[PDB]
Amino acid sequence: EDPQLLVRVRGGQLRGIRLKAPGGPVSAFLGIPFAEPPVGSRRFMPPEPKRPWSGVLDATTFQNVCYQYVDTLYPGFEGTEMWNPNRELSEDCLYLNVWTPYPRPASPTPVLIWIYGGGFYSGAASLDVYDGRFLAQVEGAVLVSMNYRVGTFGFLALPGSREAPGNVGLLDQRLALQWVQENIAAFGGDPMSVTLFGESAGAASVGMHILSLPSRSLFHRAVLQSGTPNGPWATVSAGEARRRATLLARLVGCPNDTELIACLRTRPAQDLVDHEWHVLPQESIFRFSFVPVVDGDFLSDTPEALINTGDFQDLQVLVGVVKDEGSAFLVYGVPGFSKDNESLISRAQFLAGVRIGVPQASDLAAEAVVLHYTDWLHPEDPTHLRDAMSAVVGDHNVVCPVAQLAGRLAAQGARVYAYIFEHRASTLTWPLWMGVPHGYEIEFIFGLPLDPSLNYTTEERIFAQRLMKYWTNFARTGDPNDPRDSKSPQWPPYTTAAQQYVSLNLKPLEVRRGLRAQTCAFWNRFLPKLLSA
């Protein structure tokens, strides 16, 4: 029995497993319960802390993935399957995983806590792209990820009710955060040095933790990759959630809130997932049925209100986007798009595609979008029309909300660093026209190209190393710059005056100004005034 793989946490003894990383061994503790399984009468309810256990809990293995929709658009295809559950689905899924160096760190080590994306309807901390072994081995980081409930199970809300208050998936994350505070020292983590990081919905989740006071004493720094609490998709109003929850009930035979919720709780999990999409108010892409709600509790006002009025002086934030935020979403509903062909679209297809990417837009607002995104020298050119449709979706959903947050945090005293990620993986299975799609930086940050068997290029393995350094340096210090590297160029902070950001690609850091400033002026300043009237 290996003494390095035996840990005593607050609720009992754990046994981890030594994993092999290319440069040496790592200690992994997989599938640690941090909450009472949210099953039966606990469905839709806030999580409760996990009861103590006897003897030694087996923590050598990933545990169930929270019950969620499984993608079937391209069955067998790697570009989609890599996001699909890789363990058994179950409502019994409140488990976290910890990777540490081997042997366990000698002194307290910065902790990085990963929160997965998946539109708040999917994701798992067990996916191959979130593998913590590389960051633990190379940078000596303690890396943590938690499963948290998604779709109806994490976010179905009848706001104001006791038994479905909304946001329980965010409370799952928060409980994992407290678990880290209480237990990470046992693993050689420094609970005084926790950095959240996340992508897509995970990034929005990180942002929500920023904007919720009870979460604020559970971390120091945050990294938001391709997502934000503000923006069109990450939240819904109380009114809208009540509507969706009510409508879902109606669609599954149910039936006051109590009666309604009790009958929802009698329903098989797959019955809820079956009808999950039918509650969206409009035909759309980049919209999700069950997402955090503005409840006046976890979130005391809209993310927009909270970012305009917050005090962020104590905060360090790393934010960024990938080069092609919207391209991969187009094949999930926009007529004319497929991964299997070059998706050259007509102008008609372009206006039509816009009403789906900007579901809330009036005829005028949509016209405004089309006019601002048309290339007036070749208005009919099908490659630009395709690329523009992709940029409409990316800008509206990710880039401009990010610019807005970077914002914003900078204006209210936060230290902010921003990037755009422009390297396309040589191993990528989506077609070339999609460029560098939403989600495709993650493998680089986690250090997957260091696994010689995945055959990334040599250049990409160097690049992954640089990225792991920025992230862990940032975790360590709140500054992504290498504090011993006296040869340039430096990653400067994002400020509202200079709006400086960096491109992460194969070439050395390039400093740029304005994160599509002109385009985001439209989306953040003009579009809202236009929908108003």
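Each residue number is its position in the shown sequence, starting from 1.
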query: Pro335 to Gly336: deposited residues without atomic coordinates; finding: none
query: Residue stretch of maximal mean CA temperature factor, 452-460 vs 110-118; finding: 452-460
query: Higher-B stretch (mean Cα B-factor, as the entry records it), 207-215 or 274-282; finding: 274-282
query: Residue with highest C-alpha B-factor in the PDB entry, from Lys323, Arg408, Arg415, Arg104; finding: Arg104
query: Residue with maximal Cα B-factor (values as given in the PDB entry) among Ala249, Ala391, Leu196, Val402; finding: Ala249
query: Chain thirds of CA B-factor: placement of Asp485; finding: highest
query: Position of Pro49 among the chain's modelled residues by C-alpha B-factor, lowest, middle or highest third; finding: middle
query: Chain-wide C-alpha B factor ranking for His438, given as lowest, middle or highest third; finding: lowest
query: Position of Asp363 among the chain's modelled residues by C-alpha B-factor, lowest, middle or highest third; finding: highest
query: Modelled-residue ranking by C-alpha temperature factor, third containing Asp479; finding: middle
